[PDB]
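We begin with a single chain expressed as C-alpha cells, specifically the form deposited in one PDB entry.
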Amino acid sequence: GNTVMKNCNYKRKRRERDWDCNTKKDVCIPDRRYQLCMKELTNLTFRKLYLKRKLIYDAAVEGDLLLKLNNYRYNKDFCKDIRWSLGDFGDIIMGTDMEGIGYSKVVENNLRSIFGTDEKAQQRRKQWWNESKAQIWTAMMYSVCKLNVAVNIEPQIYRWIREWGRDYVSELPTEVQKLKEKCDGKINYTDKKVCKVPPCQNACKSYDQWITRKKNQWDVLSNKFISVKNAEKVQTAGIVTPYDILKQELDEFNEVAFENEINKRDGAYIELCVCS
C-alpha cells in the first residue's frame, strides 16, 4: 500500500516477508496483497472504458511479475497466485478490499468518482466486476490453471485463509527441519540438547517466534472469517468453520495436529524444545 511504481517492477520472494497482523489489527495482510500492481489504477462516460483498459494493464503486469516470481514455471503455485491477485483486484473494484492502506485509498477514491457513492453505486461496481472478471483473468494469463475455477467469487477473507494455509504448510517442514538439525536427541544419557546446547536453544527460540506468529495470524484470520460470515451471512455449502477452508485447501490437513502445532503441544516441538 505504501508505494505505487516500484511494486509494479519487482516482487519479493514468497515468504520473504510474513503476514502482517499489526497494521490493521482485525486482519492479517499478505505481502502479495501489499505489492499488488495498481499503477494505472492509481494514476487514474468513456471513464468506464478507460477504467477497463487501466485494469487490464495493471493485471497483465501483476500476472507477469507472478510468473517471474514462480521462475517462469507454469504450475499450481503460479495458478493459485493468479487466483489470489485476481480476487484482490475484484475486491478493490467492488469496494470490499480489507487492506485499504496508502495508494489503495487513492484507488478507492478514483472508483468513487467513476461510479458514485450512492447506495446503489456498490451494486453497479459488483455488476461491472462480474462482466469484466473473465477478461482480467485472461489478461493475467496472457503471458502464459482453470479460468472458471478462479472466477468463482469468494469473500476475500476466505481466499486469504487459503493463501495463509499454503504458506503455513510450506513453512512448517523447513522450520521443523531447522530445529531437528540443531536439537535432535540428547547431550547426555538424560538431558535433551535444549537443556544445555546454545545453538539448540537459539534454534528453539527462533521456532518459538515463528510458531507464535503463525498462531497469532491463524487467530486473527479465523476470527475475521467468523465475524464476516456473521455480519453478511456468507452461506457457503462446503464451508461452516474456518478450519473447513484449510481442510479443503490443504493436502493431508489434520486439524487436531494443526491446533497442537500452533499451540506448541505437538510431539515434535515437545521432544526437541522442552527440557523438563
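Superpose the two forms; the largest set of C-alphas matching within 1.5 Å is the rigid core. When you see a residue number, it is the position in the sequence shown, counting from 1.
Chemist: Neighbours in the displayed sequence, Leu172 and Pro173 may still hide a gap; how many deposited residues lack coordinates there, none, 1 to 3, 4 to 9, or 10 or more?
Modeler: Gap between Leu172 and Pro173: none, chain continuous.
Chemist: Looking at the deposited sequence, how many residues between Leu44 and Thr45 were given no coordinates in the entry: none, 1 to 3, 4 to 9, or 10 or more?
Modeler: The entry has a long gap there, with 10 or more residues left out between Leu44 and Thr45.
Chemist: Name the higher of the two by mean Cα B-factor in the PDB entry, 187-195 versus 116-124.
Modeler: Looking at the record's C-alpha B-factors, the answer is 116-124.
Chemist: Do the C-alpha atoms of 204-212 or of 223-231 have the higher average B factor in the entry?
Modeler: In the deposited entry, the stretch with the higher C-alpha B-factor mean is 223-231.
Chemist: Looking at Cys37, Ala60, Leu49, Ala237, which has the biggest Cα B factor in the entry?
Modeler: Highest C-alpha B-factor among the listed options: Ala237.
Chemist: Checking the record values for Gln177, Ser104, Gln156, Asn75, which has the greatest CA B factor?
Modeler: Each of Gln177, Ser104, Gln156, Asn75 was compared by C-alpha B-factor; the highest is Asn75.
Chemist: So where's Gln217 on the chain's Cα temperature factor ranking, which third?
Modeler: Ranked within chain, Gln217 CA B lands in the lowest tercile.
Chemist: Splitting the chain's C-alpha B-factors into thirds, which one does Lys146 fall into?
Modeler: For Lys146, the deposited C-alpha B-factor lands in the highest third.
Chemist: If you rank the chain by CA B-factor, which third does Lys264 end up in: lowest, middle or highest?
Modeler: Bottom third by C-alpha B-factor.
Chemist: Among the chain's modelled residues, which third holds the C-alpha B-factor of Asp64?
Modeler: Its C-alpha B-factor, which the entry lists for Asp64, ranks in the highest third among residues of this chain.
Chemist: Per the entry's values, where does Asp251 land by CA temperature factor relative to the rest of its chain, in the lowest, middle or highest third?
Modeler: Ranked within chain, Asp251 CA B lands in the highest tercile.
The next section is about a form of this same protein that is not shown, the form deposited in another entry.
Chemist: With the two forms superposed on the core, which of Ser170, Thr117, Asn188, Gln127 shows a CA shift of 2 angstroms or more between the shown form and the other one?
Modeler: Spelled out, the residue whose C-alpha shifts by 2 Å or more is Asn188.
Chemist: Do you see a C-alpha shift of 2 Å or more at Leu250 between the shown form and the other one, with the core held fixed?
Modeler: No, shifts by less than 2 Å.
Chemist: With the core lined up, does the C-alpha of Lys233 move 2 Å or more between the shown form and the other one?
Modeler: Yes: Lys233 shifts by at least 2 Å between the shown form and the other one.
Chemist: Closer or farther: how do the Cα atoms of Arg162 and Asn7 compare in the other entry versus the shown form, where the change is at least 3 Å?
Modeler: Compared with the shown chain, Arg162-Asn7 is farther in the other entry.
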